[PDB]
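**Student:** One structure coming up, written as structure tokens, with questions to follow.
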């Protein structure tokens, strides 16, 4: 089994690394803060002296602040990594950084992989993360078993860079819906409602229904045609969506609250669902 | 103990009314469509001959198509229901509709409650619905044990009309977030990504994190002071969000896709979170 390395033990790095102490190949960890590393030692991780020390691992994980730090760390590992070594980047980077680093290191058999994760420290600890991976198919196949130890969902997104691109689509939804949630709270408050109660309803019902992902049941964005079994149901949902959004927008005007995300959604929903008017 | 009535056995009414066959009070049902009635019959429900027949019950549930139909059913019930009867409306109505019927029926000492529900037919069959209830305090307390049988989450949103209004806020989020999902799907596809996989990741991770509701943990919409327990977490969320949104917007420019919901989210997120820029 693959011997693991981990560099960067921050709020996601530490728990993934902790989960990797349960991996029979074992994990060698590094971070500059003595306090990020002490608990991993207690969990049974081998503590490394330096980034170069971690380069002896077969599969080296990196979760650091930004692209600049990733390049710095990758550059240091590259001086020592043996041929066949995989380097997985889990923290936030531009997709071009993954393309670039993979491209520069391929000739020395050092395989760069961008493998952003979602969602949560707790899930990381339990090995229930989703990861979206950009890699050579051959490289993806060799590391999948290792990835499956800490991720419940492992997607091969495409070549290096594709992982990042899938993460950007996924997280654009996350943060746009957070903005939408705050808009819903502003409306609720102007209506004299308990916002914490609303929050409880939303969270309970999204656990029942699955959440925003419930509408993601199409394999392309072509407009739906009447012969499609999905057609009448999406037509139905469009009617519901347009009704409820117009009702909400009317409430917004009644209680003097601007609702620009709702307004945009109201205008665009039909076209987005593939059932335009 | 309360004897139950149910009018409208459609895709939400039927599973709700089916759950109510397990209530000790029993349920009496009516729908004009025979094929809607028969399943409820073989689940142990009593079958009414008419809407007027259903008016004998203590607590009468209504789930039908639209306002116009809600107004008619309650108008029909109003001439037959005994004083003290409660009528609970679960289908879509305007927020003024609930108030109007409440005022209309005060005469007969018939109580109106707007109790929209969320989310799903499966939840409805299992008695795990959420319901947001506009009601006078005394009638809320009378019916709460009944509601608890088919709803795992029962909110007393306020007086009549308040249920509707909480529902409007809740479903605004539902459909704005579906809009955003479709925009995300458009981006993923232009970038050459697999939509099936994107959906699997979304649904899996939202099971873990809780979804958009995870951010709805504030009493009011005031800005967070530095010692607020949510300050550093929300500030961190603002940082992550603005970075991912900006990257997403740049990717959208690169693959020639318009991302207007994302642009608006990017500009307003910080303010929405109560940690605006200084």
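**Student:** Using a Förster radius of 35 Å, what is the FRET efficiency between residue A:104 and residue B:236 based on their Cβ-Cβ separation? Nearest 0.05, please.
**Tutor:** Plugging the Cβ-Cβ distance into 1/(1 + (r/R0)^6) gives 0.65.
**Student:** Could you work out the helix-only [θ] at 222 nm for chain A, with each DSSP H run of four or more residues adding -39,500 (n - 2.57) and the total divided by the number of residues, to the nearest 500 deg cm²/dmol?
**Tutor:** Rounded to the nearest 500, the figure is -16000 deg cm²/dmol.
**Student:** Percent antiparallel among DSSP beta bridges with both residues in the protein assembly as shown, to the nearest 5?
**Tutor:** Percent antiparallel among DSSP bridges in the protein assembly as shown is about 10.
**Student:** Running a GNM on chain B with Cα contacts under 10 Å, which residue among B:84, B:158, B:239 ends up with the highest mean-square fluctuation?
**Tutor:** Checking each option, the largest mean-square fluctuation is seen for B:239.
**Student:** Related question: Quick one: B:132, B:12, fewest Cβ neighbours within 10 Å first, how do they rank?
**Tutor:** Listing B:132, B:12 from fewest to most nearby Cβ atoms yields B:12, B:132.
**Student:** Cα axis of helix B:162-190 to longest principal axis of chain B: angle in degrees, 0 to 90, nearest 10?
**Tutor:** Taking the Cα atoms of chain B, the angle to B:162-190 is about 40 degrees.
**Student:** Relative to the longest principal axis of chain B, what angle (0 to 90°, nearest 10) does the C-alpha long axis of helix B:195-209 take?
**Tutor:** Here the helix axis deviates by roughly 70 degrees.
**Student:** In addition: Give me B:215, A:143, A:32 sorted ascending by neighbouring Cβ count inside 10 Å, so fewest comes first.
**Tutor:** A:32, A:143, B:215
**Student:** Tell me the angle of helix A:260-273 to the major Cα principal axis of chain A, expressed in degrees between 0 and 90 and rounded to the nearest ten.
**Tutor:** Compared with the principal axis, the helix lies near 80 degrees.
**Student:** Efficiency by 1/(1 + (r/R0)^6): what FRET value for residue A:65 and residue A:227, r their Cβ-Cβ distance, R0 = 51 Å, to the nearest 0.05?
**Tutor:** FRET efficiency, residue A:65 to residue A:227: 0.50.
**Student:** Still on this structure, please answer the following. Can you give me the distance in nm between label points at residue A:122 and residue B:11, each placed 7 Å from the Cα along the Cα-to-Cβ direction?
**Tutor:** Here the answer is 3.2 nm between the modelled labels.
**Student:** Sticking with this structure for a sec: Pop the C-beta distance of residue B:32 and residue A:250 into the FRET formula with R0 = 25 Å and round what comes out to the nearest 0.05.
**Tutor:** Efficiency for this residue pair is about 0.25.
**Student:** Next question, about the same structure. Shape call for region A:151-277 from the C-alpha gyration tensor, a ≥ b ≥ c root eigenvalues: rounded (a/c under 1.5), prolate (a/b greater than b/c) or oblate?
**Tutor:** Oblate, because a/c is 1.5 or more while a/b does not exceed b/c.
**Student:** Among A:225, B:189, what is the fewest-to-most ranking by other Cβ atoms within 10 Å?
**Tutor:** Ascending number of Cβ neighbours within 10 Å: A:225, B:189.
**Student:** Of A:175, A:234, A:147, which has the largest mean-square fluctuation in a 10 Å C-alpha GNM of chain A?
**Tutor:** Fluctuation is largest for A:234.
**Student:** Please label the shape of chain A as rounded, prolate or oblate, based on the square roots a ≥ b ≥ c of the eigenvalues of the alpha-carbon gyration tensor (a/c under 1.5 means rounded; beyond that, a/b larger than b/c means prolate, else oblate).
**Tutor:** Prolate.
**Student:** For region B:1-70 and region A:250-276, what is the separation of their Cα centres, given in Å?
**Tutor:** Comparing the Cα centres of region B:1-70 and region A:250-276, I get a distance of 34 Å.
**Student:** According to the square roots a ≥ b ≥ c of the eigenvalues of the Cα gyration tensor, what is the shape class of region B:1-159, taking rounded for a/c under 1.5, prolate for a/b larger than b/c otherwise, and oblate for the remainder?
**Tutor:** Cα axes put region B:1-159 in the rounded bin.
**Student:** Also, quick follow-up: Before anything else, pin down the relative contact order of chain A: Cα pairs under 8 Å, at least 6 apart, normalised by residue count, whole percent.
**Tutor:** In percent, rounded to a whole number, it is 12.
**Student:** Same structure again: Could you tell me what percent of the DSSP beta bridges with both partners in chain A are antiparallel, to the nearest 5?
**Tutor:** DSSP beta bridges in chain A are roughly 10 percent antiparallel.
Just so you know, all these numbers are worked out from the coordinates, no wet-lab data involved. Every residue, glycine among them, receives a Cβ derived from its backbone with ideal geometry; neighbour counts consider all protein chains shown.
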